[PDB]
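Right, one structure below, let's go through it.
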Amino acid sequence: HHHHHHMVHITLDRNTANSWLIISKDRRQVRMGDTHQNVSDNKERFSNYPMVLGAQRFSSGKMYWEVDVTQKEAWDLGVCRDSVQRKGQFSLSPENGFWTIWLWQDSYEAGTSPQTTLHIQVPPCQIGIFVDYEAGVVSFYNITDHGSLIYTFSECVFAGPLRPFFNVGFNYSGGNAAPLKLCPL
Ligand SMILES: Cc1c([C@@H](C)NS(C)(=O)=O)cnn1C
């Protein structure tokens, strides 16, 4: 792809983080802690899952960023509406305001309803995310495999400002402690 020139500097919004997350000083990395991280509760925090939002809000234009997923067993990545539900149980779907892909149990899937199987020959260590607000497109690229396309959501109905979306996943297995990292431009 040739989307690299729309690169944006994403930082994580601490206030939105699940209370077990640990965000680095530079707000560019996030991992699952082994306990509650001693923060107060607020209406922004994702309560049921290890999720956090980017601080940036996008309502126009073309945006691109990259995320490192090295050695993780489970994660979700993409964008979501600023107005998504924070509390309780919900599924990742465009109807609920999410445009995402994930890794779970050795398979990659797009967060449609129902979910769509992805066809990835080279397991990615870094993912590129491209948003074209006006076109209604969210695309995912395999940076490990020369930028090959993973998935395109088209005909998106964003219906609001968009925020970068992250889920570091649970670590019930002891094999999913590694962080998500926003990669340098
Ligand atoms: C839902 C959950 C957590 C984190 C992600 N949520 S919480 C309770 O900190 O809001 C840890 N164990 N469980 C079962």
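Chain identifiers are assigned as A, B, and so on, following the order in which chains appear in the structure tokens; residues are numbered from 1 within each chain, and ligands are numbered from 1 in order of appearance.
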
Distance filter 7 Å around ligand 1, atoms: only C-alpha atoms and all ligand atoms, out as a PDB file with N, CA and C atoms, in the first residue's frame:
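Now in out-v1.pdb:
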ATOM      1  N   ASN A  18      -9.317   0.352  30.955  1.00  0.00           N
ATOM      2  CA  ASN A  18      -9.643  -0.594  32.030  1.00  0.00           C
ATOM      3  C   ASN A  18      -8.631  -0.425  33.172  1.00  0.00           C
ATOM      4  N   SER A  19      -9.119  -0.611  34.395  1.00  0.00           N
ATOM      5  CA  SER A  19      -8.341  -0.340  35.621  1.00  0.00           C
ATOM      6  C   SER A  19      -7.197  -1.334  35.812  1.00  0.00           C
ATOM      7  N   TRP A  20      -7.064  -2.421  35.061  1.00  0.00           N
ATOM      8  CA  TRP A  20      -5.910  -3.332  35.186  1.00  0.00           C
ATOM      9  C   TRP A  20      -4.806  -2.996  34.186  1.00  0.00           C
ATOM     10  N   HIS A  36      -5.494  -4.867  39.829  1.00  0.00           N
ATOM     11  CA  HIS A  36      -6.016  -3.487  39.710  1.00  0.00           C
ATOM     12  C   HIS A  36      -4.873  -2.494  39.874  1.00  0.00           C
ATOM     13  N   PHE A  46     -13.468   1.286  30.174  1.00  0.00           N
ATOM     14  CA  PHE A  46     -14.028  -0.016  29.788  1.00  0.00           C
ATOM     15  C   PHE A  46     -13.983  -0.941  31.023  1.00  0.00           C
ATOM     16  N   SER A  47     -15.115  -1.448  31.483  1.00  0.00           N
ATOM     17  CA  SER A  47     -15.184  -2.217  32.760  1.00  0.00           C
ATOM     18  C   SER A  47     -14.932  -3.701  32.550  1.00  0.00           C
ATOM     19  N   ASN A  48     -15.358  -4.329  31.476  1.00  0.00           N
ATOM     20  CA  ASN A  48     -15.441  -5.801  31.386  1.00  0.00           C
ATOM     21  C   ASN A  48     -14.272  -6.416  30.627  1.00  0.00           C
ATOM     22  N   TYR A  49     -13.515  -5.603  29.880  1.00  0.00           N
ATOM     23  CA  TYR A  49     -12.453  -6.110  28.970  1.00  0.00           C
ATOM     24  C   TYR A  49     -11.229  -5.187  29.061  1.00  0.00           C
ATOM     25  N   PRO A  50     -10.025  -5.704  28.718  1.00  0.00           N
ATOM     26  CA  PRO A  50      -8.782  -4.942  28.827  1.00  0.00           C
ATOM     27  C   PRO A  50      -8.541  -3.950  27.661  1.00  0.00           C
TER      28      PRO A  50
END

* Asked: Which of these, A:58, A:64, A:75, A:165, has the shortest distance to residue 97 in chain A once you count only C-alpha atoms?
  ->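 The answer is A:165, which sits nearest to residue 97 in chain A.
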
* Residue nearest residue 54 in chain A among A:114, A:164, A:169, A:174 (counting only C-alpha atoms) ->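 Among the listed residues, the smallest separation from residue 54 in chain A belongs to A:164.
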
* Enumerate the residues of range 46-94 of chain A with a DSSP assignment of strand (DSSP E), computed from the backbone, and present them as an MDAnalysis selection string. => chainID A and resid 51:54 62:68 75:81

* For residue 176 in chain A: contacts at 7 Å, only C-alpha atoms, fewer than 4 positions along chain excluded, given as a ChimeraX atom specification -> /A:72-74,171

Residues just named, written with N, CA and C atoms as a PDB file, in the first residue's frame:
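Saved result, part05.pdb, follows:
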ATOM      1  N   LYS A  72       2.001 -11.834  21.103  1.00  0.00           N
ATOM      2  CA  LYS A  72       0.677 -11.944  21.720  1.00  0.00           C
ATOM      3  C   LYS A  72      -0.136 -13.107  21.168  1.00  0.00           C
ATOM      4  N   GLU A  73      -0.950 -13.689  22.017  1.00  0.00           N
ATOM      5  CA  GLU A  73      -1.882 -14.763  21.676  1.00  0.00           C
ATOM      6  C   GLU A  73      -3.283 -14.234  21.374  1.00  0.00           C
ATOM      7  N   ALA A  74      -3.651 -13.051  21.867  1.00  0.00           N
ATOM      8  CA  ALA A  74      -5.002 -12.514  21.709  1.00  0.00           C
ATOM      9  C   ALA A  74      -4.939 -10.995  21.814  1.00  0.00           C
ATOM     10  N   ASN A 171      -5.034 -12.540  30.047  1.00  0.00           N
ATOM     11  CA  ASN A 171      -3.815 -13.377  30.151  1.00  0.00           C
ATOM     12  C   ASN A 171      -4.130 -14.532  31.116  1.00  0.00           C
TER      13      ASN A 171
END

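As for CA of residue 129 in chain A and CA of residue 84 in chain A, they are spaced 19.3 Å apart.
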
* Kindly give the distance, in Å, that separates CA of residue 154 in chain A and CA of residue 137 in chain A, rounded to a single decimal. => 4.7 Å

* Asked: Which polymer residues have any atom within 9 Å of an atom of range 78-81 of chain A, counting only C-alpha atoms, with same-chain residues fewer than 2 positions away left out, as a list in words?
  -> residues 53, 76, 83, 84, 94, 96, 97, 98, 99, 100, 101, 102, 129, 131, 138, 139, 140, 158, 159, 160, 161, 162, 163, 164, 165 and 166 of chain A

Now that the selection is made, can you save its residues with N, CA and C atoms as an mmCIF file, in the first residue's frame?
data_model
loop_
_atom_site.group_PDB
_atom_site.id
_atom_site.type_symbol
_atom_site.label_atom_id
_atom_site.label_comp_id
_atom_site.auth_asym_id
_atom_site.auth_seq_id
_atom_site.Cartn_x
_atom_site.Cartn_y
_atom_site.Cartn_z
ATOM 1 N N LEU A 53 -8.749 3.495 24.639
ATOM 2 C CA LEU A 53 -8.863 4.309 23.406
ATOM 3 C C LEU A 53 -7.632 5.162 23.215
ATOM 4 N N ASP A 76 -7.470 -7.269 20.142
ATOM 5 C CA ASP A 76 -8.369 -6.622 19.148
ATOM 6 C C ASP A 76 -7.748 -5.285 18.757
ATOM 7 N N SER A 83 -18.750 7.371 21.052
ATOM 8 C CA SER A 83 -19.967 7.107 21.857
ATOM 9 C C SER A 83 -20.175 5.612 22.203
ATOM 10 N N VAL A 84 -19.224 4.720 21.883
ATOM 11 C CA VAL A 84 -19.428 3.285 22.209
ATOM 12 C C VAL A 84 -19.677 3.094 23.715
ATOM 13 N N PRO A 94 -19.879 -3.402 13.697
ATOM 14 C CA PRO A 94 -20.193 -2.063 13.197
ATOM 15 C C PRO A 94 -21.526 -1.560 13.769
ATOM 16 N N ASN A 96 -22.541 -1.866 16.751
ATOM 17 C CA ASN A 96 -22.199 -1.320 18.080
ATOM 18 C C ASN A 96 -21.133 -0.232 17.995
ATOM 19 N N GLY A 97 -20.718 0.191 16.808
ATOM 20 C CA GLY A 97 -19.771 1.292 16.631
ATOM 21 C C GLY A 97 -18.293 0.927 16.629
ATOM 22 N N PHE A 98 -17.987 -0.335 16.229
ATOM 23 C CA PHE A 98 -16.573 -0.816 16.158
ATOM 24 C C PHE A 98 -16.218 -1.340 14.766
ATOM 25 N N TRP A 99 -15.032 -1.007 14.290
ATOM 26 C CA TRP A 99 -14.451 -1.535 13.037
ATOM 27 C C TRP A 99 -13.088 -2.094 13.409
ATOM 28 N N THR A 100 -13.045 -3.425 13.598
ATOM 29 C CA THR A 100 -11.917 -4.096 14.281
ATOM 30 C C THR A 100 -11.582 -5.429 13.595
ATOM 31 N N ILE A 101 -10.355 -5.870 13.855
ATOM 32 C CA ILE A 101 -9.932 -7.292 13.600
ATOM 33 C C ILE A 101 -9.343 -7.810 14.908
ATOM 34 N N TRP A 102 -9.191 -9.118 14.993
ATOM 35 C CA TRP A 102 -8.611 -9.717 16.202
ATOM 36 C C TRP A 102 -7.883 -10.993 15.877
ATOM 37 N N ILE A 129 -3.168 0.310 10.168
ATOM 38 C CA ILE A 129 -4.621 0.662 10.180
ATOM 39 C C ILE A 129 -4.800 1.967 9.419
ATOM 40 N N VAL A 131 -7.721 4.679 7.886
ATOM 41 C CA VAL A 131 -9.112 5.188 7.938
ATOM 42 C C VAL A 131 -9.244 6.297 6.896
ATOM 43 N N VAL A 138 -12.285 1.470 6.427
ATOM 44 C CA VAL A 138 -11.238 1.095 7.424
ATOM 45 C C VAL A 138 -10.503 -0.133 6.856
ATOM 46 N N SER A 139 -9.202 -0.027 6.664
ATOM 47 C CA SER A 139 -8.406 -1.138 6.107
ATOM 48 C C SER A 139 -7.253 -1.479 7.054
ATOM 49 N N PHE A 140 -6.880 -2.754 6.986
ATOM 50 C CA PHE A 140 -5.853 -3.372 7.837
ATOM 51 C C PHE A 140 -4.819 -4.000 6.915
ATOM 52 N N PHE A 158 -19.925 5.634 10.163
ATOM 53 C CA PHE A 158 -19.174 6.014 11.373
ATOM 54 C C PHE A 158 -20.137 6.668 12.353
ATOM 55 N N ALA A 159 -20.955 7.631 11.894
ATOM 56 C CA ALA A 159 -22.039 8.266 12.676
ATOM 57 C C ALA A 159 -21.489 9.015 13.874
ATOM 58 N N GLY A 160 -20.300 9.552 13.789
ATOM 59 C CA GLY A 160 -19.697 10.278 14.909
ATOM 60 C C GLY A 160 -18.198 10.383 14.761
ATOM 61 N N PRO A 161 -17.529 11.091 15.651
ATOM 62 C CA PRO A 161 -16.082 11.090 15.716
ATOM 63 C C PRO A 161 -15.581 9.656 15.997
ATOM 64 N N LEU A 162 -14.404 9.373 15.460
ATOM 65 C CA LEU A 162 -13.724 8.044 15.625
ATOM 66 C C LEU A 162 -12.531 8.190 16.544
ATOM 67 N N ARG A 163 -12.284 7.140 17.331
ATOM 68 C CA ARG A 163 -11.088 7.003 18.180
ATOM 69 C C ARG A 163 -10.343 5.711 17.872
ATOM 70 N N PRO A 164 -9.003 5.745 17.877
ATOM 71 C CA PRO A 164 -8.236 4.488 17.816
ATOM 72 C C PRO A 164 -8.658 3.583 18.995
ATOM 73 N N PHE A 165 -8.810 2.293 18.703
ATOM 74 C CA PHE A 165 -9.312 1.286 19.648
ATOM 75 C C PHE A 165 -8.295 0.153 19.811
ATOM 76 N N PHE A 166 -8.139 -0.311 21.070
ATOM 77 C CA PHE A 166 -7.148 -1.348 21.457
ATOM 78 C C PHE A 166 -7.759 -2.274 22.503
#

* Select, from A:51, A:107, A:88, A:132, the residue with the minimum atom-to-atom distance to residue 23 in chain A, counting only C-alpha atoms. =>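 Under the stated criterion, the closest residue is A:51.
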
* To do: Tell me, as a ChimeraX atom specification, which residues lie within 12 Å of residue 146 in chain A, counting only C-alpha atoms; anything in the same chain fewer than 5 positions away does not count.
  => /A:1-2,122,124-128,141

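Among the candidate residues A:11, A:89, A:70, A:115, the one lying nearest to residue 143 in chain A is A:70, with distances computed using only C-alpha atoms.
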
* **Atomic separation - CA of residue 22 in chain A relative to CA of residue 105 in chain A, Å** =>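 Computing it gives 23.9 Å between the two atoms.
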
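Proximity to residue 113 in chain A at 9 Å, evaluated using only C-alpha atoms and with sequence-adjacent residues fewer than 4 positions away removed, yields residues 91, 92, 93, 94 and 95 of chain A.
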
Selection from above, N, CA and C atoms, as a JSON list (two decimals), in the first residue's frame, can you write it?
[["chain", "number", "residue", "atom", "x", "y", "z"],
["A", 91, "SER", "N", -20.63, -7.07, 22.00],
["A", 91, "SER", "CA", -19.82, -7.64, 20.90],
["A", 91, "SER", "C", -19.25, -6.51, 20.04],
["A", 92, "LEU", "N", -18.07, -6.76, 19.50],
["A", 92, "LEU", "CA", -17.41, -5.85, 18.57],
["A", 92, "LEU", "C", -18.04, -6.00, 17.21],
["A", 93, "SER", "N", -18.80, -5.00, 16.77],
["A", 93, "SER", "CA", -19.51, -5.04, 15.48],
["A", 93, "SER", "C", -19.68, -3.61, 14.99],
["A", 94, "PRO", "N", -19.88, -3.40, 13.70],
["A", 94, "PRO", "CA", -20.19, -2.06, 13.20],
["A", 94, "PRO", "C", -21.53, -1.56, 13.77],
["A", 95, "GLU", "N", -22.49, -2.44, 14.00],
["A", 95, "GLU", "CA", -23.78, -2.01, 14.60],
["A", 95, "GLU", "C", -23.53, -1.39, 15.98]]

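Distance annotation: of A:151, A:135, A:170, A:130, the residue with the minimal separation from residue 4 in chain A is A:130; atom set is only C-alpha atoms.
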
* Identify all residues of chain A in helix (DSSP H, G or I) (DSSP on the backbone) and supply them as a VMD selection string. => chain A and resid 4 to 6 14 to 16
